């Protein structure tokens, strides 16, 4: 082992699972499982947690891509905030807005995480 590889290695074993999960997402799921999702090892929190690690500890395009992903807004709120409860994301879901586009954009981003796999 290397620290560097351990990080990478663990994102590779965890990101596919979050991705498949997020990829089921819809407006209603979002409204429902947000706390769950933004909690412990839920796909939002887990995946954001995984991208942050690659941001913090790797270099080059893998770092640049983790970054682009975390900073992409999802209806105006950076994806990195979607893994948190009691903030902007929670307020937004707590507004009654249709969450179709929000779920769609998280979907997209989970698909973009494949680039991270691929860079790995």
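Numbering follows the first chain given and starts at 1.
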Mean C-alpha B factor from the entry: is it higher for 27-35 or for 56-64? 27-35
Taking the mean of the C-alpha B-factors per stretch from the entry, tell me the winner out of 14-22 and 105-113. 14-22
Criterion, highest CA B-factor; candidates, 72, 41, 84, 50: 41
So where's residue 89 on the chain's Cα temperature factor ranking, which third? lowest
